[PDB]
$ cat data-v5.tsv   # TSV, C-alpha atoms
chain	number	residue	atom	x	y	z
A	1	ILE	CA	-40.91	-41.18	28.32
A	2	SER	CA	-38.23	-39.10	26.66
A	3	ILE	CA	-38.27	-35.40	27.39
A	4	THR	CA	-36.66	-33.25	24.75
A	5	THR	CA	-35.31	-29.74	24.87
A	6	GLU	CA	-36.36	-27.38	22.12
A	7	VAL	CA	-34.68	-24.00	22.12
A	8	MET	CA	-36.52	-21.02	20.68
A	9	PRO	CA	-35.10	-17.49	20.40
A	10	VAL	CA	-37.75	-14.89	21.15
A	11	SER	CA	-35.86	-11.63	21.44
A	12	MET	CA	-32.56	-9.99	20.65
A	13	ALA	CA	-30.58	-7.07	22.01
A	14	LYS	CA	-32.76	-3.94	21.98
A	15	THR	CA	-30.03	-1.96	20.30
A	16	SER	CA	-30.48	1.75	19.80
A	17	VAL	CA	-27.89	4.10	18.37
A	18	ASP	CA	-27.51	7.86	18.49
A	19	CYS	CA	-27.16	8.67	14.81
A	20	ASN	CA	-25.47	11.98	15.51
A	21	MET	CA	-22.99	10.48	17.96
A	22	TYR	CA	-22.14	7.71	15.49
A	23	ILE	CA	-21.55	9.97	12.49
A	24	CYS	CA	-19.76	12.81	14.27
A	25	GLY	CA	-20.33	13.35	17.95
A	26	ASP	CA	-17.76	16.01	18.83
A	27	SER	CA	-17.85	18.21	15.74
A	28	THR	CA	-20.72	20.64	15.38
A	29	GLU	CA	-19.52	21.75	11.96
A	30	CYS	CA	-19.98	18.14	10.85
A	31	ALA	CA	-23.33	18.10	12.65
A	32	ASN	CA	-24.12	21.15	10.54
A	33	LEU	CA	-22.86	19.20	7.53
A	34	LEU	CA	-24.91	16.12	8.44
A	35	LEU	CA	-27.99	18.31	8.88
A	36	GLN	CA	-28.34	18.95	5.15
A	37	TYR	CA	-29.04	15.28	4.53
A	38	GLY	CA	-32.49	13.85	5.07
A	39	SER	CA	-34.23	12.81	8.27
A	40	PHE	CA	-31.52	10.27	9.04
A	41	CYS	CA	-31.38	11.70	12.53
A	42	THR	CA	-35.02	10.69	12.85
A	43	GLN	CA	-35.92	7.90	10.45
A	44	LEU	CA	-32.74	5.89	10.88
A	45	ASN	CA	-33.15	6.11	14.65
A	46	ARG	CA	-36.90	5.51	14.54
A	47	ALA	CA	-36.42	2.38	12.43
A	48	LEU	CA	-34.41	0.44	14.99
A	49	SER	CA	-36.36	1.97	17.84
B	1	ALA	CA	5.82	11.03	20.60
B	2	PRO	CA	6.53	13.47	23.45
B	3	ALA	CA	4.93	16.41	21.64
B	4	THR	CA	7.77	18.54	20.38
B	5	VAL	CA	6.70	21.37	18.08
B	6	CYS	CA	3.78	23.05	19.82
B	7	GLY	CA	1.70	26.15	19.22
B	8	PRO	CA	1.40	29.47	21.04
B	9	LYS	CA	-1.66	28.40	23.05
B	10	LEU	CA	-1.35	28.67	26.82
B	11	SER	CA	-1.73	25.44	28.77
B	12	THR	CA	-4.53	25.26	31.34
B	13	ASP	CA	-4.92	22.53	33.96
B	14	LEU	CA	-7.03	19.38	33.88
B	15	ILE	CA	-10.28	18.86	35.78
B	16	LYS	CA	-11.99	15.56	36.64
B	17	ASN	CA	-15.33	17.32	35.92
B	18	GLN	CA	-17.50	16.17	33.01
B	19	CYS	CA	-17.56	17.58	29.48
B	20	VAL	CA	-14.34	19.50	29.01
B	21	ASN	CA	-13.21	20.59	25.54
B	22	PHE	CA	-9.90	18.80	25.87
B	23	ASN	CA	-7.07	19.72	23.51
B	24	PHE	CA	-4.23	17.35	24.46
B	25	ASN	CA	-1.85	18.18	21.58
B	26	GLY	CA	-4.33	18.71	18.76
B	27	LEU	CA	-6.70	16.01	20.02
B	28	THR	CA	-9.91	17.97	20.30
B	29	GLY	CA	-13.30	16.75	21.47
B	30	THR	CA	-15.09	16.55	24.80
B	31	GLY	CA	-15.77	14.20	27.65
B	32	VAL	CA	-15.45	13.20	31.26
B	33	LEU	CA	-11.76	13.42	32.06
B	34	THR	CA	-11.33	11.19	35.09
B	35	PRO	CA	-7.85	9.86	35.97
B	36	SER	CA	-7.42	6.09	35.87
B	37	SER	CA	-4.86	3.34	36.44
B	38	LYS	CA	-3.31	2.39	33.09
B	39	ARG	CA	0.26	1.30	32.45
B	40	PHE	CA	1.48	3.57	29.60
B	41	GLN	CA	5.05	2.68	28.62
B	42	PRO	CA	7.09	5.85	27.96
B	43	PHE	CA	7.05	5.22	24.20
B	44	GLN	CA	3.24	5.24	24.12
B	45	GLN	CA	1.44	8.46	25.02
B	46	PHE	CA	-2.00	7.97	23.49
B	47	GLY	CA	-4.24	5.02	24.36
B	48	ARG	CA	-7.24	3.85	22.37
B	49	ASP	CA	-10.43	1.84	22.80

$ encode --input "data-v5.tsv" --output "structure tokens"
Amino acid sequence: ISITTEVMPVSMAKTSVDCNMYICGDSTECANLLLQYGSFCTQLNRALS
Amino acid sequence: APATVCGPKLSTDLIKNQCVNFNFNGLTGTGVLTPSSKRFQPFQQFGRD
């Protein structure tokens, strides 16, 4: 009777990211400048959420 | 280096309190500003992550 390990990954790191902190967290002029793009605050964050 | 040519802005004093618009020699931003124990040789005045 030979027992045999079999390793199966089931999950990974539940990684979120604040899009606005990644792009420019401190500047609010850049956050104004990032605002005239699309819904990359939302849709980029919603995709990996 | 030891910051030589400065501007006419008056120098306030540090606080350990969170979220301070720190301006240590043109280095703007914000954050918790807690003192810590780091070595800092006298020819290095700006540590990074």

$ interface_residues --input "data-v5.tsv" --of "chain B" --to "chain A" --cutoff "10 Å" --atoms "all atoms listed in the file" --output "list in words"
residues 21, 28, 29, 30 and 31 of chain B

$ write_last_selection --input "data-v5.tsv" --atoms "C-alpha atoms" --output "mmCIF file, in the frame of the given file"
data_model
loop_
_atom_site.group_PDB
_atom_site.id
_atom_site.type_symbol
_atom_site.label_atom_id
_atom_site.label_comp_id
_atom_site.auth_asym_id
_atom_site.auth_seq_id
_atom_site.Cartn_x
_atom_site.Cartn_y
_atom_site.Cartn_z
ATOM 1 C CA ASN B 21 -13.210 20.590 25.540
ATOM 2 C CA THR B 28 -9.910 17.970 20.300
ATOM 3 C CA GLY B 29 -13.300 16.750 21.470
ATOM 4 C CA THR B 30 -15.090 16.550 24.800
ATOM 5 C CA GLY B 31 -15.770 14.200 27.650
#

$ residues_around --input "data-v5.tsv" --residues "residue A:34" --least-positions-apart "6" --cutoff "12 Å" --atoms "all atoms listed in the file" --output "PyMOL selection string"
chain A and resi 19-25+27-28+40-41

$ closest_residue --input "data-v5.tsv" --among "B:2, B:34, B:40, B:49" --to "residue B:20" --atoms "all atoms listed in the file"
B:34

$ atom_distance --input "data-v5.tsv" --atom1 "atom CA of residue A:47" --atom2 "atom CA of residue A:35"
18.4 Å

$ residues_around --input "data-v5.tsv" --residues "residue B:16" --least-positions-apart "4" --cutoff "8 Å" --atoms "all atoms listed in the file" --output "PyMOL selection string"
chain B and resi 32-35
